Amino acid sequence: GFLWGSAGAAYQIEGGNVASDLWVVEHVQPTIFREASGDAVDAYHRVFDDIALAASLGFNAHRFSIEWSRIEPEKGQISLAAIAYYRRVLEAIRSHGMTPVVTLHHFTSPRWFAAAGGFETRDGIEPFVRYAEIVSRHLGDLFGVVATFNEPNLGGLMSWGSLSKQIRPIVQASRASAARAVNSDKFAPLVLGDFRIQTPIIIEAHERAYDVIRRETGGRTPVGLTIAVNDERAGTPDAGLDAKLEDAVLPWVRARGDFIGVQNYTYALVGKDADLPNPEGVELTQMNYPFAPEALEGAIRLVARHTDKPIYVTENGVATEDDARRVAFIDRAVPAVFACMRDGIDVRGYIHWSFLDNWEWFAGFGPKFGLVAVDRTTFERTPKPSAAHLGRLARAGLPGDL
């Protein structure tokens, strides 16, 4: 049945991911990271409590990522302890009646992989595939739904914003500093790589990993990818919508796969060659883009205009210090999904970002996306009202129409 879940990503919640490329990036100059990820919210130790709490809130699905840097800290060196740890995670999700939604790659890579150029060179396809195979061999029988890559299209999507053009040389500088730090001519974390180079290479790696995963799970597990999708709206009559979609959406939607994971937060006003500034008058989130749950519908519709694949909402949420606003956002976001399904669009789940307040990459711990707050001295969890709220929406489930 329809999935009702919460989401997290390993690097943003687990803590201690020293083997991951973004750690090196975190500790060089110049600095693009506000704040070290460090311990995040210590979900490495608290994950089982989090799973029991999620089940208890009424969710039937649990999205999490497997951190490749734990499984393969050095090239060709496989951590059986990390594989067993993630198997305990999966079995804990199953034990509490939930469908595991597993992300194999969520922005970060092992240091050596970035140092070899990551996905900016086709040499990067082979290791990922092999990684996707190993985990599939060891854990595949417990997978519920599998996304190979989380938002590999983010670079192309945000290349239409002004921020990315302004910060770009600082990002490339910290890349070069990291490369020096690891004694390499290259350091290319996926989320810091050039989307124009990476997009076809990553797509190729996804289709190969797709075949391998389908093989290792006897074709019984949906395998796909997730992409960031705005509600893209024409901001001037000569909007570059066609070009932006070729840059950021269409190649990913057209790749082989069992579904498209739609991850939407807001709308974008698209000019001729770049996005337009935010319309002022309008409420923003901590991420400094408009508060807009209805955008979800647009996003879904957008994807449905260009594929017949089933759609999962693998991320949807709001960064705010005021949880009442998240309650309103959710009360408007779920009916948007329902509208899309009433028009025959095949949506198969709604997964909220995020379960916990966690480390929001460059912005640090500032942005509060979670249904559950965390004291980062004790790592105690305190559910916000929205947690039990969305829980009750999950129990209510689909309307009679659907």
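One rule holds for the numbers: they count along the sequence shown, beginning at 1.
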ask   = Mean C-alpha B-factor higher for 164-172, or for 266-274?
value = 164-172
note = With B-factors read from the PDB entry, the higher C-alpha mean of 237-245 and 252-260 is in 237-245
inquiry  = By the CA temperature factor listed in this entry, which of these ranks top: 314, 108, 136, 183?
reply    = 183
request  = Tell me which of 65, 69, 29, 377 tops the list for C-alpha B factor in the record.
outcome  = 29
Entry-reported Cα temperature factor of residue 8, expressed as the chain third it lands in = lowest
Residue 360, C-alpha B-factor rank within chain (lowest, middle or highest third) = middle
ask   = By its CA B factor, does residue 391 count among the lowest, middle or highest third of the modelled residues in the chain?
value = highest
Residue 149 CA temperature factor, ranked by third within the chain = lowest
Chain-relative CA temperature factor third for residue 366 = middle
